[PDB]
Every structure is written in structure tokens, then in C-alpha cells.
């Protein structure tokens, strides 16, 4: 077994093809299934796994009540093979109300954060054993990506924030070797707020498209140099912006450098990736709510400030259905590195008040160099059929 380097070109793609779906909520109405949120996907060199933050309860369970709330001590990181829904034999990998995981070619790293808001602990578990930990540096909800971290030549990197969710905060980039923090770099460059980064290998570095929860409806970028630990940051050029909320397409803007101050407050975890001057990205279809999900390529979306010319759109979830978080994961093929993504499909609170819980299912698509058609792959549960 060898370390992953991801030293292959990115796969040239034409769009995305359907890959997985777990039907969690449909199943929860006739089965013992975990209440979750903040899912993601990551693969070792052989196979893929779905992850999510449990709420220490199943859905058909009185403990499901009140699970809209983000942080309790009972939240743990669930990890199954992709497509295996979160049944009672699911392994709870660690204690976490925020997490990130990645495989370095040899073993799994999990970054797991739990404890008091003002004084949380992040544990670093590598190859099944606790190797390191770090306490909160700003005493205000230490937190991380809620998607996969990225490792090159045995060094994994992960982005963490501590501080205000609606103002300047303290963001740092950790470099981790076999679970041991070997270096920490502060955020640097022009991004002014970093949450929930969706990162991906871009040899010889790592690149993240994140969420600005303060002043930007355009998505921040963080670039991580794995050779000298230097950090840069900016914003996605595309004038078709990825965050929710956001201005409609005719009145939205980005200059690649600063937050746009267009319905900038709040956000949703998301992703995009560069292809030369172009940008593949996803976002919700609704500009104000976490409804629908669409992908497309923005021509000049990486290089050209305020580009709004798109091509190769695909509906993933139609705008009559709830979406939520989305993130990227990368998969090594024979000659190139492919990009895939997942979409969290949130059911229950706050939008659907018939029930007293909040949970999600997922749908997963991968990059393709072939052809495809159309469809819509929503959660599929009838809210009226669910235990409340």
C-alpha cells in the first residue's frame, strides 16, 4: 500500500451521470434508520463510503423530536459503504457535531469535533486510533468542512474555522501526517469568511470552494500549498453565484476578489471546480431557499470576473423538492482524477412542520466523459406518511 499523490490530470467531462442514492427517509417510515444531517462521501482506493452526522437516534423514535438543533453530545460520525443506508448496524466512527474524513492511500483520517460551543475539542483519529487533538482557539464553535479532506504524499489538509458565523472569524488550515498535526497556517488572501469548505486535490496543491456566511453570496476559494504550507484565498469569478441566498441571475455579481455584499449573510455548503478558464458548479435552483439543485459549466467561470454564459446544465433535483448541502469528492481513475458530488436532501424542520425531526437522504452523481439525458432525483418521501 502506497500514499495517494493524485498526480494525474483532471478528467475532461461533459456533465455528470447518476451514481448513488440511499432513500433514507422513505426507508425511515418502515424501518429503523438513523436521523442525520451534514452527509458527505469519500472513497479509499477501492470503494466509496457515505458519511453523516447522526443525532444519536433513529427517526421513528421519540428522541427524533428537536433534531433541527445542530450540536448535542450524542452526535457521532456514521460511516457505511455508499448505498448502504444508515441502519442500526452502522458504525459510529467518533463523537462529532462537525467532521471531515479522508483516506491517504493507507488508512482513514477522521477529524471529529464535539463538546461545548465555547470550548470544543477536535480529535484526530488515524488508522483506528486517536493520534492528536486540539482545543478551540476562539471559543466560538470550532468547526470544519462537513466533506472530505485531501491527502497528498501522506500529508492530509483540512480547513477549520472558530469564531462568529456572521462576522470576521479565525480560519486555519491544518496539515496532518498519520493523524499528527505537523503544521497550522492561518487563512490568508482576500476571502473574508470561510465555512464548510469543499476541497479537492489539484496536484501539487489542494483547492477548496467554500461558503461565506457574512458578506458573500459568491463562493470563496482557498488554495493550499502542500510544499510550503502557504495559503491563498479569493472568490469564484463566475457572475452566476453558488450560494443561497443570492440575487437572481440578472442582478448577481462577483469580481473574483471580495464578497459581493448581495444577500451575503447566511449560506449553504456547496462546491465548484475549475477546468482551465471554465467552472463546473452546482447550486440550489431557488435563489432564496434550499430547494432544487442544478449543475452547469460557466464559460470563463474561473478566469473571467462576472461571466454569466453557461452550458451543459442538468437538473439534479427539481425545484418542487428540498435540497440542502452539497460537496465534492474526487476519485482516481486509470489516467485521470474524476470529480463527483453529493447532494443532501433535507426533510422535516424547519420547512416541514408536520414532523418534529430533521433528517436527510442523499443523491450522488459523478463526472462523465460520455453522454446523458435528464431527470430529477429528490428525496421521495411523502411527509404525510412519516412518523412525526
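Residue numbers count along the first chain shown, from 1.
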| query | finding |
| --- | --- |
| Higher-B stretch (mean Cα B-factor, as the entry records it), 93-101 or 172-180 | 172-180 |
| Stretch with the higher entry mean CA B-factor, where the candidates are 318-326 and 53-61 | 318-326 |
| Criterion, highest CA B-factor; candidates, 243, 132, 81, 232 | 232 |
| Residue of maximum C-alpha B factor among 266, 121, 76, 144, per deposited coordinates | 266 |
| Assigned third (lowest, middle, highest) for the C-alpha B factor of residue 18 | lowest |
| Among modelled residues of the same chain, the CA temperature factor third for residue 44 | highest |
| Entry-reported Cα temperature factor of residue 350, expressed as the chain third it lands in | middle |
| Residue 256, C-alpha B-factor rank within chain (lowest, middle or highest third) | highest |
| Ranked against its chain, the third holding the CA B-factor of residue 247 | highest |
